[PDB]
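Student: Starting from these lines, generate the structure:
(one chain, ligands or ions: 1)
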Amino acid sequence: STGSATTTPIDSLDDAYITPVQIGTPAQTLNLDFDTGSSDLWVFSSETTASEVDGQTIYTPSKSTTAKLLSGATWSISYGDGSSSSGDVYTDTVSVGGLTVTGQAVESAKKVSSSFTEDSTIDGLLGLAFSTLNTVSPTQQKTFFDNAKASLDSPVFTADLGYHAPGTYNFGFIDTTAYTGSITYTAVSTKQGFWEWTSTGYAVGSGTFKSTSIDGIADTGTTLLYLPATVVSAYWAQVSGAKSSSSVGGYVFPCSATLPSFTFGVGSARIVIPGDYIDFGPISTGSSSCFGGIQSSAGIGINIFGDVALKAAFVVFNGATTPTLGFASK
Ligand SMILES: N=C(N)c1ccc(C(F)(F)F)cc1
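Tutor: Numbers count the residues shown, from 1 in each chain. Here you go, the structure:
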């Protein structure tokens, strides 16, 4: 089997991407944030505290003839930004782009933090990291990909995120028309539960490539590119007037600037992030200070190849017995 679904930016900045997901019988379609940095499929629901729902589409298990309470199971998760959610668990039928999994754990939110409430465009998360990160207790649950894998034509999914435009998530096949050149594969460590790999270096603009190992995760659920402070300083030093602002929370730059590209290495291959992908717009409405798309990972504890990097590539998440990651230009 295979599946193919379009993913759509939630706003004009590509702050996140949503993909429609069918849950239950008859189907309930929710727009979920596919997150290769976590491993829970959770949804706004008829169980979510009413005052914490503001425009989201909710899953109502009682309206689904295939929903079953997973008795005794609960979940609770925290994300990079301090946001969180928690609740109880149902199993139900879940389909993504024509690919169906029966018996999928659907984590129903009883509680969500304010940042979720405040974002009406995201109805929940669909985690695509390794199932060892799943938070369900006392019986950990498998991700949608994990459950689907044995039915797939090939045990892979691909992320093809757009810059200010829709893109695609495919399951079970590699669309050889969606990229240019060849795919370069690179080793993955699953020891922290992430799609963790080592970039071979970077370049800023038209500058020379610096060969240096940069360990980090391929994370569709993180907006920005978070790299070591040395690398980030070298990038922003090429932008007149750019500065790290402790009050804003990172590097800012004049909105009048033309940003340089940023290149990262994948083995002997190179992925070029155009400068415009690194512009996250005014820090506040009407400001002439703009927020940068490359930020320091110092204090996070890990480097994160988030959407700013991934959207410059066609990315293969290869879930074979020894997982690997592939990157191609497009
Ligand atoms: N995409 C995610 N859900 C995510 C959240 C937190 C981190 C960490 F805190 F570890 F950096 C990394 C990834």
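Student: Residue 22 contacts residue 29, correct?
Tutor: Yes: between residue 22 and residue 29 there is a contact at 5.5 Å, judged by C-beta atoms under 8 Å. In short, each C-beta sits where N, CA and C put it, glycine included.
Student: Between the two, which is the more surrounded one?
Tutor: Between residue 22 and residue 29, counted using other C-beta atoms under 10 Å, residue 22 has the larger neighbour count: 19 against 14.
Student: Beta-bridge partners for the nearest residue to that one once chain neighbours are set aside, please?
Tutor: The shortest distance from residue 22 to any non-neighbouring residue, by C-beta to C-beta, 6 or more residues apart in numbering, is to residue 95 (4.2 Å). Per DSSP bridges, the residues bridged to residue 95 are residue 22, residue 100.
Student: ok, residue 95 - contacts?
Tutor: Going by C-beta atoms under 8 Å, 6 or more residues apart in numbering, residue 95 touches 3, 21-22, 27, 101.
Student: contacts with the ligand among these, please.
Tutor: Among those, none lies close to the ligand by the criterion of C-beta under 6 Å from any ligand atom.
Student: ok, these vs the ligand, which is closest?
Tutor: residue 21 (17.2 Å; C-beta to the nearest ligand atom).
Student: Tell me the backbone dihedrals of the residue in the chain that the ligand sits nearest to, please.
Tutor: Closest to the ligand within the chain is residue 37: 2.4 Å, counting by C-beta to the nearest ligand atom. Here is the backbone geometry of residue 37 (degrees, to the nearest 10): phi -100, psi 10.
Student: Distance-wise, check the closest residue to it other than its chain neighbours relative to residue 234.
Tutor: Leaving aside its sequence neighbours, residue 37 sits nearest to residue 219 (C-beta to C-beta, 6+ apart; 3.8 Å). Counting by C-beta to C-beta, to the nearest Å, the separation of residue 219 from residue 234 is 22 Å.
Student: quick one: which of those two has more around it?
Tutor: residue 219 (28 against 17).
Student: I'd assumed residue 194 was in contact with that one.
Tutor: Yes: using C-beta under 8 Å, residue 219 makes contact with residue 194 at a distance of 7.4 Å.
Student: Need the residues touching each of the two.
Tutor: Common neighbours of residue 219 and residue 194 (C-beta under 8 Å, 6+ apart) are 36-37.
Student: Near the ligand, which residues of the stretch 51-200 of the chain are found?
Tutor: 79-80.
Student: And the helices in the stretch 51-200 of the chain?
Tutor: 114-117, 144-148 (DSSP state H, counting those that start in this stretch).
Student: For the longest one, buried residues please.
Tutor: With burial defined by 16 or more other C-beta atoms under 10 Å, the residues of helix 144-148 counted as buried are 144-148.
Student: possible to save those as a markdown table with distance to residue 61?
Tutor: As requested, those are exported to a markdown table (distance: C-beta to C-beta, whole Å):
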| residue | distance to residue 61 |
| --- | --- |
| 144 | 17 |
| 145 | 22 |
| 146 | 22 |
| 147 | 18 |
| 148 | 21 |
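Student: quick one: buried residues of stretch 116-133?
Tutor: 116-117, 119, 121-131, 133.
Student: can you check stretch 83-93 too?
Tutor: 83, 85-93.
Student: Now, those residues that are in strands?
Tutor: In strands, defined here by DSSP state E, the members of these are 85-93.
Student: Mind picking the two most distant members of the residues you listed?
Tutor: In those, the most distant members under the criterion C-beta to C-beta are 86 and 93, with 23.5 Å between them.
Student: Is residue 32 in contact with residue 19, as I believe?
Tutor: Yes: the criterion here is C-beta under 8 Å, and residue 32 meets it with residue 19 at 5.9 Å.
Student: Have a look at these two and say which one is more surrounded.
Tutor: residue 32 (27 against 20).
Student: Could you pull up the residues touching the more buried one?
Tutor: Contacts of residue 32 (C-beta under 8 Å, 6+ apart): 18-21, 41, 43, 122-126.
Student: and of these, the nearest to residue 246?
Tutor: Closest to residue 246, out of all of the contacts of residue 32 and judged by C-beta to C-beta, is residue 122, at 28.7 Å.
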